[PDB]
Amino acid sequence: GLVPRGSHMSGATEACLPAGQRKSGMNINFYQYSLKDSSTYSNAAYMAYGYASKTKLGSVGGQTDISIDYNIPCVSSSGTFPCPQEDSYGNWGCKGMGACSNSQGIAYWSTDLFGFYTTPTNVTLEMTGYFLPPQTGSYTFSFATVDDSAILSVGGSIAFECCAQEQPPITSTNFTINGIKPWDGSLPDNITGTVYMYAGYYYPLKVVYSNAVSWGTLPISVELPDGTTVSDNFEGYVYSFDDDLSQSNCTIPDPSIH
């Protein structure tokens, strides 16, 4: 037939064609989150949008390396150095450093999260931008682990609205990856999610990440239609556009027929 039929029951992911100046990387907004609060970040509403009701701490733009790997200090006999989580032992030391004199349970200040000075022990952040698929097909995003709670959303009206990257968060809880910390322990059941994407359309992407104490971890990857994996450094795939709420044609509700 002359035209493609379209994804069944209007099932294609919404994408966008912003007409403004494209900028490399994602924007990161930082919000207050309380030290040792193991409940707030277990709620879907909080992780989708409620985080923005807490105080905004600041922001950084243009971020292409988006994985998180925050290691608390070990105040050791040889100086103060970050301790890989898997090297921590006892009550407590860090392998190759001896015993640590400092508490694992206090807030720590660092620029490890995107160069922004804050407390990676206890914070929530929102990454926004647009993913640009180079190839049409199935993309599988993943979190290798999650310390402590995280979601990933892809698509217009799921991550955010087209041409409206900078707006307050939308209320969708239709997460592509639900890595929300379970109520009473365990890892979330599944930390991959798949999206079918058409080459050359800009797909809204939101990651919301929260930590309550100590180590923070969110190693982000995507497997491309050709079977290759991109991990941590998403340069060439992720972009930002300043809002243009007046660009009438920006939203492509069905890229499979556009």
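Superpose the two forms; the largest set of C-alphas matching within 1.5 Å is the rigid core. So that there is no doubt, residue numbering starts at 1 and follows the sequence shown.
- Superposing each structure in 7 other deposited structures of this protein on the rigid core shows that the farther-lying of 44-52 and 186-194, by root-mean-square Cα distance, is 186-194.
- Across the superposed structures in 7 other deposited structures of this protein, aligned by the core, the stretch whose Cα atoms lie more distant on average is 177-185, chosen from 177-185 and 153-161.
- On average the C-alpha atoms of 176-184 have higher B-factors than those of the other stretch, with 127-135 and 176-184 being the two compared.
- 203-211 and 36-44 differ in mean CA B-factor, and the higher of the two is recorded for 36-44.
- Within the group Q165, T171, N102, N122, the record's highest C-alpha temperature factor is found at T171.
- The entry lists a Cα temperature factor for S149 that places it in the lowest third of the chain's modelled residues.
- Ranked by Cα temperature factor within the chain, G216 sits in the lowest third according to the deposited record.
- Placement of the Cα temperature factor of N27 within the chain: lowest third of the modelled residues, per the deposited record.
- Residue-level temperature factors show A15 in the lowest third of its chain, judged at the C-alpha atom.
- Residue-level temperature factors show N71 in the lowest third of its chain, judged at the C-alpha atom.
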